[PDB]
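Residues per chain, in single letters:
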Amino acid sequence: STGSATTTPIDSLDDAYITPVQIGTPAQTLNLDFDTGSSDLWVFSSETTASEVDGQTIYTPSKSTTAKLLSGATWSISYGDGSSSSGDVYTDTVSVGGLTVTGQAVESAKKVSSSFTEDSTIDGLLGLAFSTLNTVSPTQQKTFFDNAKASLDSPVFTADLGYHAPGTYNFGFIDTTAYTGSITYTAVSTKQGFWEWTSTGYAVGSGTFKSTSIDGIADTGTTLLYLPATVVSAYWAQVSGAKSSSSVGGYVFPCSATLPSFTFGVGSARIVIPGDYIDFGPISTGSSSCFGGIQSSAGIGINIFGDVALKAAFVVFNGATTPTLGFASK
């Protein structure tokens, strides 16, 4: 089997991407944030505290003929941005882009933090990291990908995120029309439960490539590119007037600037992030200070190749017995 679904930016900045997901019988379509940095499929639901729902579409298990309470199971998750959610669990039929999994754990939110309530465009998350990170207790559950894997034509999914445009998540096949050149594969460590890999270095604009090992995670659920302070300082030093603002919470730059590109290494291959991808616009409405898309990972404890980096590539998440990542230009 295979699946193929379009993923759409939630706003003009590409702050996140939503993908329609069918849950239950008859289908209830929710728009979920596919997150390769976590391993829970959780939704706004009929059980979510009413004051914490503001425009999201909800899953109502009582209206699904295939829903079953997973008796005694609970979940509770905290993300890198300080957001959180928790609740109980149903199993139900879940389809993505024509690929169906029966008996998928659908984590029904009873509580969500303010950042989730305030984002009306995101109806929940679909985690695509390793199932070792799934928070369901006392019986840990499998991700949609892990449950689909055995049925897929190839044990892979691919992320093809757009810049200010829709893109695609495919399951079970590699669309050879969706990228240019060849795919470079690189090793993955699953020790922390992430798609963790080591970049071979970086360049700023037209500058020379610096060969240096940068361990980090491929995380579709993180907007920005978070790298070591040395790397980030070297980037922003090439932008007149850029500075790190403790008041704003990262590097800002004059909105009048033209940003340089950023290159990262994948083995001997190179992925170029155009400068425009690094512009996250005014810090507040009407400001002439703009927020940067490359930020320091200092204090986060991991480097994160978020959407800013991933959207510059066609990315293969190879879930074979020995997992690997692949990157291609596009």
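Residues numbered from 1 in each chain as written, not as in the entry; some residues may be left out. Heavy atoms only, no water. Residues with missing side-chain atoms left out of burial classes, pairs and counts.

- Its PDB record attributes the structure to X-ray crystallography, giving the resolution as 1.0000 Å.

## Description of the pairing of strand β7 (residues 99–112)
Argument step 1. In the sheet, strand β4 (residues 41–43) pairs with β7 via 2 bridges, with the strands oriented parallel. Opposite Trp42, over in β7, you have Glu107 as the bridge partner.
Argument step 2. When strand β6 (residues 84–96) meets β7, the two strands line up antiparallel, connected through 11 bridges. By the bridge assignment, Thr91 is partnered in β7 with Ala105.
Argument step 3. Hairpin connection from β6 to β7: 2 residues lie between these consecutive antiparallel strands, with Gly97 at a positive phi of about 60°. (Pairing = 2+ DSSP bridges. Helix = DSSP H or I, 4+ residues; strand = E, 2+ residues; numbered from the N terminus.)

## Let's talk about the layout of surface pockets
Argument step 1. Counted as a void, the largest pocket has a volume near 1,200 Å³.
Argument step 2. Lining the largest pocket are 38 residues; nearest its centre among them are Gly80, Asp81, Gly221, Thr222 and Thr223.
Argument step 3. Elements that contribute at least two residues to the lining of the largest pocket include exactly β3 (28–35), β5 (68–78) and α1 (114–118).
Argument step 4. Split by residue class, the lining of the largest pocket holds 20 nonpolar, 10 polar and 8 charged. (1 Å grid on protein atoms, 1.4 Å probe; cavity = no way out; pocket = protein on both sides within 12 Å on 5 of 7 lines; lining within 4 Å. Points joined across faces, edges and corners; volume = space filled by probe spheres on them. Nonpolar A, V, L, I, M, F, W, Y, C, P; charged D, E, K, R; others polar.)

## Considering the domain arrangement of the protein chain
Argument step 1. Here the protein chain is described as being made up of domain 1 (5–174) and domain 2 (175–330).
Argument step 2. With 30 residues of domain 1 at the interface, the matching set in domain 2 holds 32 residues.
Argument step 3. Of all elements in the fold, only β3, β9 (156–160) and β10 (167–171) reach the threshold of two or more residues within the side of domain 1 that touches domain 2.
Argument step 4. Split by residue class, the side of domain 1 that touches domain 2 holds 18 nonpolar, 6 polar and 6 charged. (Domains from an automatic or database assignment. Contact = heavy atoms within 4.5 Å.)

## Points about the state of the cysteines
Argument step 1. Summed over all chains, the structure comprises 1 disulfide.
Argument step 2. Here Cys255 engages in a disulfide with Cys290; their sulfurs sit 2.1 Å apart. On the sign convention where negative is left-handed, the bridge of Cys255 and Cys290, at about 110° about the S-S bond, is right-handed. Highlighted residues: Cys255 in the loop between β16 (250–254) and β17 (262–266) and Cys290 in strand β20 (residues 289–292), separated in sequence by 35 residues.
Argument step 3. Relative accessible area serves as the criterion here: at 4%, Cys290 is assigned to the buried category. (Disulfide = S-S within 2.5 Å. Buried < 20%, exposed > 50% of the residue type's maximum accessible area, 1.4 Å probe, protein only.)

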